[PDB]
Amino acid sequence: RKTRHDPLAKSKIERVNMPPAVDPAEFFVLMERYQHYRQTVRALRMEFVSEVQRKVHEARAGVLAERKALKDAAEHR
Amino acid sequence: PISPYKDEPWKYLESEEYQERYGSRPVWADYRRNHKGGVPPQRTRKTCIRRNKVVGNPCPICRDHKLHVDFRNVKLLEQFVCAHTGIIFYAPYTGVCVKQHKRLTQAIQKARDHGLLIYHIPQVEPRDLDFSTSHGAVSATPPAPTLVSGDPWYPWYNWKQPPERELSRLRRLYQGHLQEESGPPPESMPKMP
Amino acid sequence: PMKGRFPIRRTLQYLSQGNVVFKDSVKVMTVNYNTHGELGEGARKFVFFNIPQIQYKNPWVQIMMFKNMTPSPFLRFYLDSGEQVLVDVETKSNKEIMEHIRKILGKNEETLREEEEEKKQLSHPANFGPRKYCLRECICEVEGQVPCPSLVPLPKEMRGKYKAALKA
Amino acid sequence: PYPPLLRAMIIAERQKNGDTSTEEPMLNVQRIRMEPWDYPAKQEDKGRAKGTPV
Amino acid sequence: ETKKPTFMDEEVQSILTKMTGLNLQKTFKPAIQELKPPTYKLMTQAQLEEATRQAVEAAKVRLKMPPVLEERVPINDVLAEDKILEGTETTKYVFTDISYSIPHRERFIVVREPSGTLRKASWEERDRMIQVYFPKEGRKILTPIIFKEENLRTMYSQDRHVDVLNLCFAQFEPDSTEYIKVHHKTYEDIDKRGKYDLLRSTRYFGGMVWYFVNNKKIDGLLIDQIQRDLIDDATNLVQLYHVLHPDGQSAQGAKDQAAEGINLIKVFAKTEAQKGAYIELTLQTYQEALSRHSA
Amino acid sequence: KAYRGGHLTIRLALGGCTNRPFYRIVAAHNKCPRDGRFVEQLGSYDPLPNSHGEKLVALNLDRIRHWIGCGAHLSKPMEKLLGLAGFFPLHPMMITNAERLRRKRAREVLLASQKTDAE
Amino acid sequence: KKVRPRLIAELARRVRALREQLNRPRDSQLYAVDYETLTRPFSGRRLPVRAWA
RNA sequence: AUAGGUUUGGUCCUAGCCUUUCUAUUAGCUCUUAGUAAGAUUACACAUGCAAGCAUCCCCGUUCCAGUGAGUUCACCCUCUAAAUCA
Ligand code: FES
Ligand SMILES: [K+]
Ligand SMILES: [K+]
Ligand SMILES: [K+]
Ligand SMILES: [K+]
Ligand SMILES: [Mg+2]
Ligand SMILES: [Zn+2]
């Protein structure tokens with residue numbers, strides 16, 4: 001792809017991009033769907049983050065992990 | 001030529017002619033490839049018959065037109081498998097051309113699939129440690145409230161006609177760049193009569 | 001033939017037969033042994049036969065050997081906490097010395113099994129990719145799925161060359 | 001409600017662990033405060049155009 | 001109250017284990033496979049008996065009987081019906097959960113149909129997908145043609161019943177319809193043509209006995225055992241029949257007459273056994289021969 | 001290759017041969033090439049119907065959740081695949097595209113009917 | 001392992017950062033607009049069609 | 001390597017060279033079809049066209065992808081801790 005330094009093409013100097021025509025009924029319905037959809041996904045994401053964080057903590061300082069560490073120390077002694 | 005055994009290929013191997021030509025040795029016992037050097041080329045010739053013309057030193061299969069490589073000619077196929085290990089000899093071993101080695105390999109596999117050729121079938125372990133079918137994955141999941149009532153899983157799947165005030169806002173914002181308003185979609189997918 | 005006495009010691013098979021995998025605490029192992037005397041034969045045999053096996057299984061543990069510094073042979077292990085484990089090995093055979101250190105400082109067979117199972121999970125059977133990492137390279141290898149175009153040509157209707165010809 | 005599949009997987013864990021309950025798993029969306037797309041952003045963290053003049 | 005023994009009960013397992021037998025030469029028959037130079041050890045008689053004992057232990061693991069399971073019930077559960085998606089896609093999507101550390105029977109495999117219904121995969125689809133992603137050695141995604149009636153009858157003509165059984169165990173799951181069908185059709189052919197020795201000293205004998213006892217056709221097996229001087233096994237077979245059919249004429253007959261040993265065969269032969277006449281003649285011949293050797 | 005910024009994304013890496021597409025679901029750095037370095041393979045997607053008339057999708061759901069919980073974004077085609085599986089809600093654009101198709105096909109039935117009726 | 005110093009790479013870096021602070025364009029220059037062509041003369045970029053009104 | 005040819009009038013030993021095998025480029029001569037894969041010798045010089053936009057202005061992106069192999073132990077592990085994603 002082009003770099004910032006590369007010059008712009010002569011053909012594209014006069015090109016103007018026109019936005020698509022908007023359908024009112026479809027536009028509003030779609031906007032709400034995105035709001036609801038993204039709210040549901042954000043809740044799911046939050047739940048997945050909590051699970052990951054909990055698993056890491058459990059491995060680091062979980063009761064079973066600490067118990068194993070103490071058992072290993074006792075066996076060594 | 002036209003061999004009379006194409007329909008019943010197994011008959012040739014029990015005929016008198018076969019016993020006079022081959023006896024009890026495999027059909028390839030006497031074949032020797034002609035090549036330069038002491039180490040032979042690691043592939044055999046592609047085909048012994050080109051455009052219905054046979055080459056100078058035809059391979060064991062192509063030199064006799066009555067030997068038909070068929071999944072039913074089990075006695076012929078057995079000659080090309082190791083009795084002690086069950087592996088199909090690679091083509092340089094017997095000297096069959098690549099074309100006939102491919103046909104032999106396919107026929108040997110077809111005979112083994114049909115049960116005509118015996119091969120070692122091992123005793124395998126069970127796939128699963130537990131055979132319980134009580135987990136929800138395989139059992140019936142309690143139906144969700146929306147599924148029982150016939151509603152969409154999430155309410156925003158269904159089309160809800162927007163209020164008129166909101167439609168006016170969009171018609172003000174996109175002045176001069178508006179499409180025909182669309183009503184509620186058809187309740188089910190139509191079909192071309 | 002292979003050079004040296006007991007050439008078996010210089011084979012990967014022999015070097016992998018060591019059963020002493022030190023716990024992560026062990027950092028240094030100093031082997032003090034005497035070259036002569038009947039009471040030190042086991043230590044001499046332990047240095048001759050078993051140090052190669054121990055080092056092969058514990059590449060990051062420093063093993064240093066000292067000859068004829070003390071009247072009797074002994075082992076000393078320096079742990080990461082700073083504890084020093086002195087193991088007197090006089091009168092013991094090389095087999096006894098090896099079993100003694102496995103008990104006090106060697107990982108048990110359960111600990112080793114677990115580590116090997118964790119390695120199993122690194123390779124997933126379902127994953128597709130190069131043969132170095134995965135069993136199969138493409139889904140086309142799975143029977144029933146559309147074969148590779150290189151082996152079985154695709155129908156003209158499924159090929160882009162003629163998809164756009166039928167349309168235009 | 002949880003989506004179809006996730007719901008079925010949470011109910012199966014309950015039964016596998018032994019907990020017998022008929023309550024429906026549901027996502028708490030009260031924490032998620034969905035703001036409008038045209039809400040003023042933080043100008044402090046916004047960048048600036050560079051010096052290259054035409 | 002009074003539960004009838006299951007196939008995996010310790011009592012049934014002991015009976016069926018002994019009935020099977022242990023021929024070390026058959027269990028460890030030389031396999032036609034890629035070979036390696038054999039190794040040799042200089043062993044004393046004591047050491048030779050210890051190695052033979054270890055072979056008996058290993059052989060008993062190889063003969064461990066597969067558990068007999070009841071036919072799995074078809075899965076027909078709909079997770080959701082998104083009718084909006086109807087008509088959008090022409091082909092169904094099969095989604096397989098490939099999370100490594102999950103028992104294969106606890107995996108969620110669902111199908112999105114073109115109508116929009118998200119349904120759990122059928123037992124057949126479930127097994128096909130597990131092979132696609134967790135391929136098992138000896139299992140094929142597409143059912144091998146060997147299992148067709150015509151192809152299975154050639155295998156029987158060659159006395160390759162054990163081979164048919166090993167193929168079935170590798171391809172099909174123990175509770176699948178195809179699995180149960182094939183084993184049932186193999187067991188029937190053994191009975192019709194009296195080939196019970198083919199499955200002796202194999203892990204498939206117990207299943208064959210279980211099929212015969214629960215379908216009340218233990219006549220052929222009893223005759224063979226007597227003809228082969230296996231009374232202990234024949235008596236145990238009749239005993240087991242009584243335990244699985246306690247409210248039966250033979251069971252009551254043995255109870256009424258307190259029959260034991262050979263008597264159990266006579267009581268069963270007359271009352272319930274279909275071939276009562278043939279059994280008596282066969283049992284008669286044996287008892288006469290046994291009396292001679294005793295002299 | 002240390003990129004400037006970027007983020008992890010779960011996306012479809014195109015494999016296969018000409019006219020035989022095959023996708024591998026991979027968690028890769030946003031800036032990495034489509035078919036280049038990836039962090040972890042999370043499934044596969046055969047878009048061609050097989051002999052049984054199935055489009056096969058594998059989803060390592062345990063690891064997909066782990067990566068979404070570590071801040072991995074999602075491509076639109078990947079979000080739509082999880083919607084069809086039922087792991088996420090149906091993406092709004094599949095609903096709208098389904099409705100657009102319904103309207104198109106409903107309009108097609110008028111012209112067809114008129115032709116048969118009028119002529 | 002001793003990396004050879006690159007002094008010109010650091011000199012130019014400091015000079016650039018400095019010039020970016022002394023020759024920085026003002027909001028008058030950056031956010032100017034020609035109300036006939038509707039283009040920012042600083043960069044010569046057209047505004048989006050939806051903002052023209 | 002399962003080896004082979006070659007020192008001499010001849011033998012044995014040692015030894016180099018070469019042969020037979022498998023790939024990749026180029027040359028000569030020759031060449032029907034289909035699918036697929038791969039594809040400047042040169043970090044030498046380059047005509048022409050195109051390869052980065054998006055968007056209610058601000059920002060963001062053009063630091064990516066793509067290319068090359070000139071230079072060359074900057075790539076791996078550990079420790080520590082920026083920027084970045086998780087609104
Ligand atoms: S390697 Fe699978 S399509 Fe070619
Ligand atoms: K030589
Ligand atoms: K050429
Ligand atoms: K923008
Ligand atoms: K280079
Ligand atoms: Mg930070
Ligand atoms: Zn030939």
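Computed over heavy atoms, backbone and side chain alike; hydrogens, waters and symmetry mates excluded. Labels below follow one simple rule: chain letters A, B, ... track the order of the sequence lines, proteins then strands, and each chain is numbered from 1.
At distances below 3.5 Å, at least one donor-acceptor pair connects side-chain atoms of G:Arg40 with backbone N or O atoms of G:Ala32. Proximity of a side-chain donor or acceptor of F:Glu40 to a complementary backbone N or O of F:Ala27 within less than 3.5 Å is not detected.
Between H:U6 and H:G16, a Watson-Crick or G-U wobble pair is formed, both defining distances falling under 3.5 Å. With both atom-pair distances required to fall under 3.5 Å, a Watson-Crick or G-U wobble pair links H:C17 to H:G5. Base-pair annotation: H:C31 with H:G39 fails the Watson-Crick or G-U wobble criterion (two N/O distances, each under 3.5 Å).
Taking the six-membered ring where the residue is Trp, the centroids of B:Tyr93 and B:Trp28 are separated by under 6.0 Å.
Atom name P, nucleotides H:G4 and H:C12: the rounded distance is 14 Å, in whole Å.
One atom, CZ of A:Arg4, and another, P of H:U62, lie 6 Å apart when rounded to the nearest Å. Across the protein-nucleic acid pair, A:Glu47 atom CD and H:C86 atom P stand 19 Å apart, rounded to whole Å.
For the neighbouring bases H:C31 and H:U32, no stacking contact is recorded, as ring-centre distance under 5.5 Å and ring-plane angle under 30° do not both hold. Remark: bases of strand neighbours H:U25 and H:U26 are stacked by the 5.5 Å centre distance and 30° plane angle definition. For the strand neighbours H:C57 and H:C58, base stacking is absent under the 5.5 Å centre-distance and 30-degree plane-angle rule.
Toward the 5' end of RNA chain H, the nearer of the two residues G:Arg46 and A:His5, judged by each one's closest nucleotide, is G:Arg46. The residue among B:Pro40 and C:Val152 whose nearest nucleotide of RNA chain H lies closer to the 5′ end is B:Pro40.
Nucleotide H:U79 forms no Watson-Crick or G-U wobble pair with any nucleotide shown, as no partner meets the under 3.5 Å limit on both distances.
Scanning both residues, D:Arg33 and A:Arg42, for their nearest heavy atoms gives O-NH2, 4.1 Å.
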